[PDB]
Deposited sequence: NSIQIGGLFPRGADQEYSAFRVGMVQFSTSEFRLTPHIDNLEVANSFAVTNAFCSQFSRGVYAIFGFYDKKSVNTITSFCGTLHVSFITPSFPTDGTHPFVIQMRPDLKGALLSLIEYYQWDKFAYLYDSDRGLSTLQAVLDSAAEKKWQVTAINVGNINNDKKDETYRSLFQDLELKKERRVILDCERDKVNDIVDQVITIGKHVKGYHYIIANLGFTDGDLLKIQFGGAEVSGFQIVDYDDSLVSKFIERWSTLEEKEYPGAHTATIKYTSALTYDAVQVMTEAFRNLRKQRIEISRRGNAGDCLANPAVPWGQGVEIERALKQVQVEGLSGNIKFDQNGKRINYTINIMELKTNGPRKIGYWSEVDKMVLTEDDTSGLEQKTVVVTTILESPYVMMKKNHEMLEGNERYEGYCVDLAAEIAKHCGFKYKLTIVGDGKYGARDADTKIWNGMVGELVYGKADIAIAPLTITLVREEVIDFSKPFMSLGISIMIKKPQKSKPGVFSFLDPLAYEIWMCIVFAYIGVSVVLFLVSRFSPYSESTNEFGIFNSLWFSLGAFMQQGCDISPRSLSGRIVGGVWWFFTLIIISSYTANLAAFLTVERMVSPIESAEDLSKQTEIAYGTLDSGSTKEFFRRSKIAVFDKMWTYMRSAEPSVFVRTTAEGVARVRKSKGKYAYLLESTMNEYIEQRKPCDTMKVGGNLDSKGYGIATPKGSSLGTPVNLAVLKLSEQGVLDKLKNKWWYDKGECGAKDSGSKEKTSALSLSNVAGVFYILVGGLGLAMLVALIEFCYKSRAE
């Protein structure tokens, strides 16, 4: 016996009925075929829906296919659950777990929330039409409360379409007042078409806008209107046309007679009619399985008009409902399986984007995994992070303290790190920072043609790029491509900061200079001799004055040292000598004390090297450079006279003046107590000078001029994008901001600012220790002279 089924189609659903008849033709079999009796109803009218439902129920219908609306979901559910009559529908799923309702439409709320999370949306509008229920609006509000979103929900279904359908222009100005560029269209195809028309009219389909079409019919709309505006349009598709079943259906679908099959003869199919076809498949499979299980469900050709008291449900409905539940098939809408409540499970919803060349899939969504990308256009060349070989040193690449759990790009900070970050941001590639295995910047080995590991790994591609403190030079640039310099500097000489001068034993002579002391002694002898000669050549008895040669010497000594003698000249010429010597000693003593006072104030005495010219002349202070660095190669090939002199020294030095690392050079400078100097680039020298301790400074006038560049292996396609990005950074001045941050904002060396002033201390015994030694020596000498006299008269 033929299975009598019922059809409840909405008015104007021509395509749905055409797909229904197509499914009836396709799934008809030799043993039997379903015989539907259909009525066309205004599904929004519950009274008409009930009339049709009871007309079919009294007709002997075993299962009712059809549609419902927000105004008729409840009556359909209640009648089906009370009379135990199964309802297979492609309309929107019921909010609750309603029995005897087979729901062919998958749940969209989870897919919509996952897609919103994928784009990392927090602020967005949610334009909804209430014709399919507010379940998705409730879901987005609940998930906004949970996830801290800001959702502006606007109801567009209240527009009085009976008269006009134009209030959207005033609607979108509210979004303009809220600066909402991200909008969700929870509407069916007609309403989303109207929204898109008004969006285009007011010019909001342009770059910067993003629309999500919150329905399973992304391609069923007129997407071509908004395709070229530049705004992102994305949505969900249940009918993935790139499949065997859908393609086989559509090749016949496009060739059906349009008058016989209204809505057919098109390259695309509305998802509602696709679900209608899949529902026909499901229910015919269910009935064939029921017969295959030898289950009989026949009943008499009359019913209780839905209004018998009490209700009289047949018993075999549970069997039919279970058969419908356990049906699992493959169809146009993907895998089809229902849980015990009729909700579809194991389904897949495709996520698509509307690009300039058309709408195409970007991934899919499933009940077991959320928002899985399609993995199309697979990687293999540019998804791998590039290997950046750099070197470790304080101003550019540092080891961060909490290295026990930090990762490759988080373990390191500095100028190189953030410059690489900015260059990658402009070029659009991902990266990892690695240290150079050789631990040195590398240079060619002379006469042996041996290269360090950097050249081999660059050739092999293991060293993808070298964003590192590497200097521009001709020898390297013919072997590896170099970008435009981001910093200009040169080689500088770095010496230990001199300490305060330590007084010597004979430092009491310091204020007045050696030649002045020589001439003071000579003037003393001359004054004494002239005084004696004046006083004693016949002045007309002899010895009328005490001024013999020895007494003249004693008087001259007393006058210099400002100790009044026991005798004074009484002649004119002798008094002339005395007065001029007195003037001399007054000026000299005043000069000594005034000079000493000047020196005891005002610090900062002497400096070892001034312009690296004296460095090349003097031989006590040994000086060297980094080994295998650019500076050493600079000194080899420099034909400048002073630079050639410096190279001829540095090559022939008996001890090793070179060091492997910059830290080793700084440690050698600090350890070698001022008699070593290290030639290193200006920037690192400034950084070390500003760091603590401040025991080293920069001297010399920036010997040469060189620039830092990002190294690239020869012929690499990455050479020009990094070159243009570095030029962009140089012209925009962000490099200057990084320079300020990493050098000028960390001037921790307060001694350079010279903001503090010391207090003069008491003179130490060391400052005048020499006069004590001269005093004791003279006392001993006097005793010795006295004893001699007594003995004589007693007988990069």
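- If you line the structure up with the deposited chain, just one stretch is without a C-alpha atom: 796.
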